[PDB]
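Okay, here we've got a single chain as structure tokens, the form deposited in one PDB entry, with questions on binding and movement later.
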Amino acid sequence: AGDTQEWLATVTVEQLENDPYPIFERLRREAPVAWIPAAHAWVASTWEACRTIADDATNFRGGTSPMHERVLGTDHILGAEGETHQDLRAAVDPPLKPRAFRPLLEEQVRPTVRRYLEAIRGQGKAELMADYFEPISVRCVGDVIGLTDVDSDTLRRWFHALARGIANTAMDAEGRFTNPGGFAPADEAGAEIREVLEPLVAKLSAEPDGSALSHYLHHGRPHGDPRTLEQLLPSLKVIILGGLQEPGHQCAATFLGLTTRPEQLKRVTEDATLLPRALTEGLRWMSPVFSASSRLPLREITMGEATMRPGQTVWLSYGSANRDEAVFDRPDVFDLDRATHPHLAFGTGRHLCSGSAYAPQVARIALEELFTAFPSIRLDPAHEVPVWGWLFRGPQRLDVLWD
């Protein structure tokens, strides 16, 4: 145990961001829950540590951190419990259920996908993150969470700024931020978000219209007691971050994973019915919310060498859990035909991702149209694919060619 602690003292936030897999491989073997001094927080790395802490509503509550409070606000849906959590879920869940979104797939999602597809067609090359996956993700999600009138460039800037803020976790032994300037993008985005949402909230609070934000304010509420801006805003920032970022990362991770398996990529491009399985494997293989899910202990609780205390962040590395050798065979490989087993990329239990049904449908349509249009698509050998992050993880660029 002493060897493990000595090694953990050497781990930096930079190493976690740039080379997480060997770190989590060792943690799964030696410390299922471990204190990371560089991040002033615990991290759970095995499947069972993540699942147990995620699910156990008696000993753990929804997570938060000083980054969540700075970037999102204090009382966000991730941290909420009891009636407050059920009220926030009542606000945000209904539009994300299949009964609600099913018509929008062909009426809205596919036309949006095809608009971005048409813009890259004929080039024989693209950088799929900025040119395709991110605009699709932010537009298809933004259009269903009240942000139809925010352009894709702004939505992408917002999610990147908020995600950078959450990732700004370097802290000294006393828990003080060593890079407070890394919050400047999130502060700027937060002010812009509030300036967009505040007038809409004020208008729709008094004159509801059936739109997404109107439902967030009024659904499940007495007439005359709608939710207020501050009751919703931290949770809306949760969604602006992850709702907008994660689907593009699912697409990118699945695309990248497929390229590592040439025969599987070929099979998928010619049989779109395999896309749901590919997309599920993409989430397992490079979980977009790799470790940014979290819980807080409600009482002192010990797992192994980790004695966690109230108020301390326990990050759940679902991405490591999804790479756990005790659960999956050769988890480091993308395998379209992997033996069936659930994954934790959407979490589990009462905080299970509200978007877990909608996101795989956006990603399916995005990849269907891409592979139909460009069956010869491939990575450009003149570029490398930079992958980054341990809290939120995904490819930063996907330079491709096609014939």
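We number the residues from 1 along the sequence you see. Each form is matched to the other, and the largest set of C-alpha atoms that superpose within 1.5 Å is called the rigid core.
Omitted from view is the form deposited in another entry, to which the following refers.
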item	value
Comparing forms between this form and the one not shown after core superposition, the one residue of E270, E106, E300, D153 displaced by 2 Å or more at CA	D153
Cα displacement of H68 between this form and the one not shown reaching 2 Å, rigid core superposed	yes
Did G165 shift 2 Å or more between this form and the one not shown, C-alpha, core superposed	yes
Core-superposed comparison between this form and the one not shown, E325 Cα displacement 2 Å or beyond	no
